[PDB]
Amino acid sequence: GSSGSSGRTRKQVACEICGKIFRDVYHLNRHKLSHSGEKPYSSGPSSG
Ligand SMILES: [Zn+2]
């Protein structure tokens, strides 16, 4: 149930880690610093 004609075009950056909005990745690059660079999901081993 949806037309699929108009809507909010995605032309910006949005940090989901903390929940913020930015202009372009060029700005998010400096913001990522505050966050972690590597987030390995070690707490979740595979299974059958
Ligand atoms: Zn962030």
# chains A, B, ... in the order shown; residues from 1 in each chain; ligands from 1
>>> closest_atom_pairs(of="chain A", to="ligand 1", cutoff="9 Å", atoms="only C-alpha atoms and all ligand atoms", output="Markdown table")
| residue | atom | partner | partner_atom_place_in_ligand_line | distance |
| --- | --- | --- | --- | --- |
| A:14 | CA | ligand 1 | 1 (Zn) | 8.2 |
| A:15 | CA | ligand 1 | 1 (Zn) | 4.8 |
| A:16 | CA | ligand 1 | 1 (Zn) | 6.5 |
| A:17 | CA | ligand 1 | 1 (Zn) | 4.9 |
| A:18 | CA | ligand 1 | 1 (Zn) | 4.2 |
| A:19 | CA | ligand 1 | 1 (Zn) | 6.1 |
| A:20 | CA | ligand 1 | 1 (Zn) | 6.2 |
| A:21 | CA | ligand 1 | 1 (Zn) | 8.7 |
| A:28 | CA | ligand 1 | 1 (Zn) | 7.8 |
| A:31 | CA | ligand 1 | 1 (Zn) | 6.2 |
| A:32 | CA | ligand 1 | 1 (Zn) | 6.2 |
| A:33 | CA | ligand 1 | 1 (Zn) | 8.8 |
| A:34 | CA | ligand 1 | 1 (Zn) | 7.3 |
| A:35 | CA | ligand 1 | 1 (Zn) | 6.4 |
>>> write_last_selection(atoms="N, CA and C atoms", output="short mmCIF file (atom, residue, chain, number, x, y, z; two decimals), in the first residue's frame")
data_model
loop_
_atom_site.label_atom_id
_atom_site.label_comp_id
_atom_site.auth_asym_id
_atom_site.auth_seq_id
_atom_site.Cartn_x
_atom_site.Cartn_y
_atom_site.Cartn_z
N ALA A 14 23.99 10.41 7.91
CA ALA A 14 23.36 10.26 9.22
C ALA A 14 24.06 9.18 10.04
N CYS A 15 24.67 9.59 11.15
CA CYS A 15 25.38 8.66 12.02
C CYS A 15 24.39 7.88 12.89
N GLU A 16 24.34 6.57 12.68
CA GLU A 16 23.44 5.71 13.44
C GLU A 16 24.07 5.32 14.78
N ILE A 17 25.39 5.32 14.83
CA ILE A 17 26.11 4.97 16.05
C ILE A 17 25.61 5.78 17.23
N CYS A 18 25.62 7.10 17.08
CA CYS A 18 25.16 8.00 18.14
C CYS A 18 23.80 8.59 17.80
N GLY A 19 23.56 8.83 16.51
CA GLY A 19 22.29 9.39 16.09
C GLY A 19 22.38 10.87 15.80
N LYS A 20 23.09 11.23 14.73
CA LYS A 20 23.25 12.62 14.34
C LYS A 20 23.19 12.78 12.83
N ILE A 21 23.08 14.03 12.37
CA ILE A 21 23.02 14.31 10.94
C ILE A 21 24.19 15.19 10.50
N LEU A 28 31.66 13.52 8.43
CA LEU A 28 31.50 12.33 9.26
C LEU A 28 32.85 11.68 9.54
N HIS A 31 34.13 12.95 12.57
CA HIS A 31 33.25 12.56 13.66
C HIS A 31 33.50 11.12 14.08
N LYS A 32 33.80 10.27 13.11
CA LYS A 32 34.07 8.86 13.37
C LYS A 32 35.17 8.70 14.42
N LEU A 33 36.05 9.69 14.50
CA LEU A 33 37.15 9.66 15.46
C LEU A 33 36.63 9.40 16.87
N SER A 34 35.58 10.11 17.25
CA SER A 34 34.99 9.95 18.58
C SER A 34 34.52 8.52 18.80
N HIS A 35 34.13 7.86 17.72
CA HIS A 35 33.67 6.48 17.79
C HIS A 35 34.82 5.50 17.60
#
>>> atom_distance(atom1="CA of residue 30 in chain A", atom2="CA of residue 13 in chain A")
12.8 Å
>>> atom_distance(atom1="CA of residue 12 in chain A", atom2="CA of residue 38 in chain A")
23.5 Å
>>> select_by_dssp(residues="chain A", states="alpha helix (DSSP H)", output="JSON, numbers by chain")
{"A": [25, 26, 27, 28, 29, 30, 31]}
>>> write_last_selection(atoms="N, CA, C and O atoms", output="PDB file, in the first residue's frame")
ATOM      1  N   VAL A  25      30.095  12.972   3.876  1.00  0.00           N
ATOM      2  CA  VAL A  25      31.009  12.052   4.542  1.00  0.00           C
ATOM      3  C   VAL A  25      32.267  12.773   5.012  1.00  0.00           C
ATOM      4  O   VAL A  25      32.873  12.394   6.016  1.00  0.00           O
ATOM      5  N   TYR A  26      32.653  13.813   4.284  1.00  0.00           N
ATOM      6  CA  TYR A  26      33.841  14.587   4.627  1.00  0.00           C
ATOM      7  C   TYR A  26      33.776  15.075   6.070  1.00  0.00           C
ATOM      8  O   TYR A  26      34.803  15.234   6.732  1.00  0.00           O
ATOM      9  N   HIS A  27      32.561  15.312   6.553  1.00  0.00           N
ATOM     10  CA  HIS A  27      32.359  15.782   7.920  1.00  0.00           C
ATOM     11  C   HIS A  27      32.265  14.608   8.889  1.00  0.00           C
ATOM     12  O   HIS A  27      32.732  14.689  10.025  1.00  0.00           O
ATOM     13  N   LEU A  28      31.657  13.518   8.433  1.00  0.00           N
ATOM     14  CA  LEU A  28      31.501  12.327   9.261  1.00  0.00           C
ATOM     15  C   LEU A  28      32.851  11.675   9.537  1.00  0.00           C
ATOM     16  O   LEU A  28      33.041  11.032  10.569  1.00  0.00           O
ATOM     17  N   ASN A  29      33.787  11.848   8.611  1.00  0.00           N
ATOM     18  CA  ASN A  29      35.122  11.278   8.756  1.00  0.00           C
ATOM     19  C   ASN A  29      35.774  11.744  10.055  1.00  0.00           C
ATOM     20  O   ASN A  29      36.370  10.949  10.782  1.00  0.00           O
ATOM     21  N   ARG A  30      35.656  13.037  10.339  1.00  0.00           N
ATOM     22  CA  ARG A  30      36.234  13.609  11.549  1.00  0.00           C
ATOM     23  C   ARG A  30      35.418  13.220  12.778  1.00  0.00           C
ATOM     24  O   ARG A  30      35.939  13.169  13.892  1.00  0.00           O
ATOM     25  N   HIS A  31      34.134  12.946  12.567  1.00  0.00           N
ATOM     26  CA  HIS A  31      33.245  12.561  13.658  1.00  0.00           C
ATOM     27  C   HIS A  31      33.497  11.116  14.079  1.00  0.00           C
ATOM     28  O   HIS A  31      33.412  10.780  15.260  1.00  0.00           O
TER      29      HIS A  31
END
>>> atom_distance(atom1="CA of residue 8 in chain A", atom2="CA of residue 23 in chain A")
15.2 Å
>>> select_by_dssp(residues="range 14-44 of chain A", states="strand (DSSP E or B)", output="PyMOL selection string")
chain A and resi 14-15+20-22
